[PDB]
Amino acid sequence: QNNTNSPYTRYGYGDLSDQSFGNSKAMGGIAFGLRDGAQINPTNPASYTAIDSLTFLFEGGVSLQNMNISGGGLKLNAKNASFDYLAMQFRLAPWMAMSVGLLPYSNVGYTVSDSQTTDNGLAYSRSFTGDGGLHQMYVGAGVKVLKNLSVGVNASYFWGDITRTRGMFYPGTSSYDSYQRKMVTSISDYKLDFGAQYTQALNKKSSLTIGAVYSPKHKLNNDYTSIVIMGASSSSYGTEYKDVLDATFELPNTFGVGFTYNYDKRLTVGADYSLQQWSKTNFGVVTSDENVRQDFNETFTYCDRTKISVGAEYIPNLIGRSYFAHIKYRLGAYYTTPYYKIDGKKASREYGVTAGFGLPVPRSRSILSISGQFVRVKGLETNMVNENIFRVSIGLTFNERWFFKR
Amino acid sequence: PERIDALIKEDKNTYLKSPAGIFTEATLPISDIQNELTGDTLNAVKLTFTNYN
Numbered sequence: 023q024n025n026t027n028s029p030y031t032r033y034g035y036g037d038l039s040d041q042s043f044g045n046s047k048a049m050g051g052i053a054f055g056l057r058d059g060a061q062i063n064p065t066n067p068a069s070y071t072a073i074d075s076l077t078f079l080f081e082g083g084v085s086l087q088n089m090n091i092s093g094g095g096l097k098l099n100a101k102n103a104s105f106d107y108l109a110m111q112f113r114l115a116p117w118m119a120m121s122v123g124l125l126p127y128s129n130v131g132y133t134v135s136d137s138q139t140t141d142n143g144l145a146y147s148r149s150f151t152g153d154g155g156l157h158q159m160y161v162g163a164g165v166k167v168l169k170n171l172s173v174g175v176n177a178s179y180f181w182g183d184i185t186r187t188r189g190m191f192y193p194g195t196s197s198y199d200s201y202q203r204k205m206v207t208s209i210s211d212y213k214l215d216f217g218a219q220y221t222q223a224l225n226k227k228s229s230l231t232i233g234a235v236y237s238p239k240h241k242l243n244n245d246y247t248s249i250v251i252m253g254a255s256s257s258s259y260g261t262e263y264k265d266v267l268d269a270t271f272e273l274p275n276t277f278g279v280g281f282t283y284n285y286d287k288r289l290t291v292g293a294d295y296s297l298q299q300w301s302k303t304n305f306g307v308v309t310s311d312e313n314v315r316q317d318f319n320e321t322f323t324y325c326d327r328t329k330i331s332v333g334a335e336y337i338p339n340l341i342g343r344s345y346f347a348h349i350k351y352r353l354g355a356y357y358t359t360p361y362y363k364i365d366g367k368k369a370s371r372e373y374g375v376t377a378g379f380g381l382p383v384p385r386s387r388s389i390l391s392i393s394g395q396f397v398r399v400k401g402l403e404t405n406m407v408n409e410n411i412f413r414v415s416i417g418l419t420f421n422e423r424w425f426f427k428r
Numbered sequence: 333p334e335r336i337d338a339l340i341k342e343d344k345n346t347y348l349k350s351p352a353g354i355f356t357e358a359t360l361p362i363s364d365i366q367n368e369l370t371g372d373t374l375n376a377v378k379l380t381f382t383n384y385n
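What follows is the structure, given as structure tokens:
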């Protein structure tokens with residue numbers, strides 16, 4: 023419960039976090055075609071070759087949020103805060119750059135409870151929680167094969183733990199045993215990501231870039247387990263009847279493409295498209311217990327995720343003596359069909375609009391990237407919730423003269 | 333002995349006369365539980381005996 027409170031995260035790996043750094047987070051997430059050399063961009067490994075010769079860049083980030091959650095006539099809101107990235111980047115040659123960093127991939131968070139009373143007079147309470155997520159740590163490099171063309175790769179360690187619980191409690195009863203089943207999925211494997219970029223010199227002052235990115239379908243080493251706890255209390259641990267299962271987990275083929283136009287180094291505009299082949303993945307488990315089998319088949323099921331995004335930034339008259347001439351101004355918007363399948367049909371559809379700044383530090387080349395985002399998630403069927411979520415986003419690209427020699 | 337044998341034959345109540353006197357015997361409905369709650373997890377099974385002053 024450190025990144026989300028959306029109860030959609032009870033399905034799948036949760037919701038995928040976009041590892042969109044400060045400039046892209048305000049620009050709607052148009053990260054495939056970008057070659058903004060002052061800030062880091064892990065989403066396309068071919069982007070690393072834009073870094074200035076003597077520099078070392080160290081980027082980080084926070085984010086606060088306020089989710090308005092609505093459904094069935096009930097209304098409520100819930101506020102969390104996160105940690106979204108941390109990455110180093112430096113140059114190894116006139117034609118190669120390298121980066122290493124730490125990124126989220128997906129997170130889960132939900133508590134959804136209930137209290138009841140039967141006609142016979144027995145009061146009972148239920149409680150469905152969830153915690154954990156999947157994470158990524160990567161080392162990547164990008165090289166120039168031709169004066170216009172760059173290619174690169176990210177090799178990543180890919181590990182996590184997702185835990186999901188069900189309870190049944192009887193408040194007011196003198197002595198009893200509580201029932202709770204805690205299904206856990208630990209994962210530890212590797213992930214490969216490939217990208218390329220090409221830049222064209224239009225009209226002697228402008229430039230237009232195109233970028234593409236790809237990552238192959240993969241099958242994951244894992245430790246899926248089905249615990250059922252009995253009799254736990256405020257004083258006792260109860261008993262655990264563990265059960266270890268031969269489950270199969272995967273990552274789909276992912277494709278992405280986009281472009282960015284640029285003018286006089288004062289203006290950039292661009293748009294991206296991406297598709298993830300979730301519906302062509304073979305998730306499954308083998309067991310003799312149908313209840314467990316049915317849960318697995320109903321919680322790990324997916325549809326193809328697609329994303330469309332557009333954005334821009336503008337930097338007016340950066341040589342004049344006024345601070346508002348040094349501030350990068352950013353805008354964007356995006357559309358996504360999330361990969362959730364609930365019942366047989368697709369679950370939700372979401373929209374977002376974003377805006378932010380690029381505050382530079384005087385007498386330095388560090389940048390502070392305050393940004394904000396409004397996102398609405400609409401449920402496509404009557405029994406599901408709607409969300410209005412708001413979020414600020416602080417991030418600082420440190421930048422210092424590092425590899426200098428006399 | 334005669335008083336104990338007479339009190340054992342009362343049918344509105346049961347006694348618990350301790351010094352080698354009277355015990356009380358209960359018949360649990362195990363078959364009905366085994367039929368009606370198959371597939372459940374039992375969380376509590378409560379039995380209560382209660383008395384006059």
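So the protein sequences, as listed, match chains F and G. The opening position of the first sequence corresponds to residue 23 in the entry's author numbering, with each subsequent residue numbered one higher. The opening position of the second sequence corresponds to residue 333 in the entry's author numbering, with each subsequent residue numbered one higher. Yeah, the Cβ is synthetic: ideal placement off N, Cα and C, and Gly gets one too.
- Restricting attention to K341/G, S350/G, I365/G, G371/G, the CA atom closest to the CA of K378/G is found in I365/G.
- Under DSSP, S149/F takes part in a beta bridge, and its partners are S135/F, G189/F.
- Looking only at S228/F, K169/F, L224/F, the smallest Cα-Cα distance to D286/F is reached by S228/F.
- Taking C-beta separations shorter than 7 angstroms and ignoring five residues to either side along the sequence, the partners of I91/F in its chain run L98, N99, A100, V407, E409, following chain order.
- Contact between the region 46-55 of chain F and the region 350-358 of chain F is present: 3 or more CB-CB pairs across the two stretches fall below 8 angstroms.
- Proximity to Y345/F across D37/F, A234/F, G380/F peaks at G380/F, based on C-alpha coordinates.
- Note on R203/F: 16 or more other CB atoms within 10 angstroms of its CB, so buried under the neighbour-count rule.
- Burial state of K226/F is exposed, judged by a 10 Å Cβ sphere holding fewer than 16 other Cβ atoms.
- Sequence-distant partners of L124/F (beyond 5 residues in either direction) whose C-beta falls short of 6 angstroms from its own C-beta, in its chain, are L108, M159.
- Closer than 8 angstroms to the CB of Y356/F there is not a single CB belonging to chain G.
- With a contact defined as Cβ atoms closer than 8 angstroms, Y324/F and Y361/F qualify at about 5 angstroms.
- As the crow flies, the alpha-carbon of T270/F is around 26 angstroms from that of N25/F.
- Rounded to whole angstroms, the separation of the alpha carbons of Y263/F and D37/F is 30 angstroms.
- Taking 8 angstroms as the threshold, the shortest C-beta distance from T380/G to chain F does not fall below it.
- The alpha helix (DSSP H) runs of length 4 or more contained entirely in the region 388-413 of chain F do not exist; there are none.
- Looking from the CA of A177/F, the closest CA among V206/F, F216/F, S257/F belongs to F216/F.
- Distance from the CA atom of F355/G to the CA atom of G189/F, rounded to whole angstroms, is 41 angstroms.
- A distance below 6 angstroms between beta-carbons, with the five flanking residues on each side excluded, links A369/F to the following residues of its chain, in chain order: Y362.
- Counting only unbroken stretches of 4 or more residues, the alpha helix (DSSP H) elements lying wholly within the region 28-89 of chain F are 44-48, in sequence order.
- A distance below 7 angstroms between beta-carbons, with the five flanking residues on each side excluded, links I330/F to the following residues of its chain, in chain order: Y295, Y356, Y357.
- Here DSSP, grouped into helix, strand and coil, assigns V314/F to helix.
- Scanning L402/F, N27/F, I62/F, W181/F for the CA closest to the CA of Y212/F turns up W181/F.
- Pairwise C-beta distances place the region 58-67 of chain F out of contact with the region 303-318 of chain F, as fewer than three of them are shorter than 8 angstroms.
- Looking from the CA of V161/F, the closest CA among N66/F, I389/F, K239/F, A223/F belongs to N66/F.
- Measuring C-alpha to C-alpha distances from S393/F to each of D40/F, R32/F, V130/F, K47/F identifies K47/F as the nearest.
- No Cβ-Cβ contact shorter than 8 angstroms links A254/F with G194/F.
- At least one CB atom of chain F sits nearer than 8 angstroms to the CB of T373/G.
- Put simply, the CB of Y201/F is near chain G, with a gap under 8 angstroms to one of its CB atoms.
- Annotated three-state conformation of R335/G is helix, per DSSP.
- Here the region 67-83 of chain F makes contact with the region 106-120 of chain F; the two share three or more CB pairs at distances below 8 angstroms.
- As a beta-bridge residue in DSSP terms, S210/F pairs with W181/F.
- For the pair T328/F and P238/F, the Cα-to-Cα distance works out to about 16 angstroms.
- Per the coordinates, the alpha-carbon of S85/F lies some 19 angstroms from the alpha-carbon of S388/F.
- For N367/G, the enclosing alpha helix (DSSP H) stretches over residues 362-368.
- In this structure, the CA atom of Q138/F is about 51 angstroms from the CA atom of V122/F.
- Note that the C-beta distance between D268/F and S248/F is not below 8 angstroms.
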